[PDB]
Each structure stands twice: as structure tokens, then as C-alpha cells.
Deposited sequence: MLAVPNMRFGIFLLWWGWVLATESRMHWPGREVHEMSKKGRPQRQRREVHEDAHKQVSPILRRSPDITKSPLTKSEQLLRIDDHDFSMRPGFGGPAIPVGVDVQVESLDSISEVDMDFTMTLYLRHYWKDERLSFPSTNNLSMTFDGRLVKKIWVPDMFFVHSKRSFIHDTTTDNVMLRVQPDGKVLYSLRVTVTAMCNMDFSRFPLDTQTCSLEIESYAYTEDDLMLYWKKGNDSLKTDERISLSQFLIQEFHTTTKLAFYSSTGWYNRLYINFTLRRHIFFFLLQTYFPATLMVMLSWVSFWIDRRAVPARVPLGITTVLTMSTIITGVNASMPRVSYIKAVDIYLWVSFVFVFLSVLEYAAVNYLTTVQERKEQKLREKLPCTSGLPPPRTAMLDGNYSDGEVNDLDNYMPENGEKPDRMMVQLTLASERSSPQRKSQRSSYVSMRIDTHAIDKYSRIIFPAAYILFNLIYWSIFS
């Protein structure tokens, strides 16, 4: 094998066909798993198989079998091999247990297949201002490092059919949909033009979990705060603790929701809901102070429900309804 190929009779720092046109190289990918997601750092981790095809007649051998052979890794450092890399990546590695996950098959003609197994972490810019009703889209990019479109030609081996995805892929916090591929040509100011391949996909959440954990308790709190309009205004020590305890409860809920968020420092769509229900509860406590002050001054002036109570009984819910209509018209 090491003899079948005239390894010492050629020069492999030289791309196959240095001189005239660019070498065609064709790519095939199969995704094994998506491993983790960070919302704070804005990135994701994926593990896949990567395959390459090309022809190099320096590697042809005399056999009659019309069938391929096999090598692994050691030969990659003797021969010439392409040099793809992952664009917009934070870290990556190739697996090496119990030996290097690298495969090499060569036919009599010198046609070649070359394959690896890798894990990549790759950046994805996200926007959380519609949280928890956001949708995100991410991508993985592949490019040649050293050779430009004048020396190497990059393309998907079988067009739209060059991506395969494993059956058992899932996340404990997301739903994954819409895998597909595309291409684009890209330019560097000090080095030139290159071809680039993409893999795209889309993410969404489970909205009912967030509904019950956040929107439901605050609504029950705002509804608890309307009870005070139906209690006798003469019962001061039963109308005064109620409001302030309700404020305490709502502040506890809001604090509890703040101590578990992914810690991204700009205003999002649930913060608005929570702070508006805080303001409603606060107004309910101003109301009864108005009523008490007026009843007391009347008592002093002289020496039945109050108008403000029987008006609040109507006004407060209608305005909560009006707020909910507008809010869900804006975030749908």
C-alpha cells in the first residue's frame, strides 16, 4: 500500500494540478446531534460527520479490482488533503478514542474519499425582545482557509440531497425545525474571494409552560386586588392590611421570576406585563385611602356605598381588559 502509491516520487505541498484551473472538491454532511445551547453567550454546539471527494492521479495504483481500499490518518500527513474550517466558530476538535476518527478510501483511478468526526461550537446572534414568544434561526458555515476560488472549487456533492439528519435529535428546552443548505461567495479585503457553504435551521419554545409559570399568578393577584371594592368601608383594619399584603405577594412573585432568567440586560415582553400588574395593584391601595379620608372629613363636618367604590368596581376590570387586548394585539 505505502509502496503501491509512489509516495516519495511526488510533491504534496502542491495542490493537484497547480497551475491551470481550480480543483473541484465536493462535500457531504450527516448530523449526529445538537448538544447544547447558551442564550447568554449566543451560541450552540453540534456534532457531525464530514466527507470530501476529489481526484488525484498521484495516488493511482495498478490493480484490476475496480474497488476501493482503506487507510486511516497516518497517511493524511503524507499526502495532500484539503483544508476546510468552520467560519464563526468558538471552539472545535476531532475525536481520538480509541484512535483518530479519520477514514480514507482510494480507488485505482486515484479518486478519493476522506471523512472525519467533529464537534463544533458556533455563534448565533439572537434577539429576545419578544420573549417568551421569540423564534430564532441559526447556521453553520464551512469554508476553505488557504486557497481561493482560483485554486479550489467548493460545492455540495449532490445538491439538496447532501444533508442527512439523525432520527433521535432533540433538546430539553426547544423544538427544532427546517433543515436546509445553501451557498454564497464571500470576499476578504487583503486575501480575496472564497466559496462558502451553509446549513440552516430554526428554533421555537413551549409557550404553555411559560404561560402558567409567569402570566397566570400575576393575573390571579390583580383579580385578588379587586375584592377590596366589595368590603365595608367602615372595616378599616380589614381593608388596610389586605392591599399591602397583596403588594408584598406580587413583589415576591416578580423577584422570583427575576432570579431565574437568562440574564440579558434589556427590556422584554414579559417584564411589561409584570410591571403593569404591579401598577394596578398599587392604584388599588391608593383608592381606599381616598375613600377613608373623605369619609373622615365628612364625619368631622357633620359633627351606603361610597361613589368611588361603586365606580371602581366597573372601571378597574375594563381597563385591565383593554390592556390585555392591546398587549396581545402587539405580540400576537
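Missing from the model, relative to the deposited sequence, are the ranges 1-74, 378-450.
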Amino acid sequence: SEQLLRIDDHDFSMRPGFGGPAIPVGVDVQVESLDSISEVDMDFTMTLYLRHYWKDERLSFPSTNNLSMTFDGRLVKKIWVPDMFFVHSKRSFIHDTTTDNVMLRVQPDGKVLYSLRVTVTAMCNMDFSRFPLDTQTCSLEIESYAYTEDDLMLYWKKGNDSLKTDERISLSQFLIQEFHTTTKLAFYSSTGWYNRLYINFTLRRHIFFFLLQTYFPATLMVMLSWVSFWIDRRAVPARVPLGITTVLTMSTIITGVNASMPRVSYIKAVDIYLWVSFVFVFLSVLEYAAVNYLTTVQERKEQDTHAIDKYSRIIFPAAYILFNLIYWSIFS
From here on, numbers count along this sequence of modelled residues.
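If you superpose the two forms and keep the largest set of C-alpha atoms that fall within 1.5 Å, you have the rigid core.
Here the rigid core sets the fit, and in 9 other deposited structures of this protein the C-alphas of 235-243 stray farther than those of the other stretch, out of 145-153 and 235-243.
For the pair 315-323 and 20-28, greater average C-alpha departure from the shown form in 9 other deposited structures of this protein after core alignment is found in 315-323.
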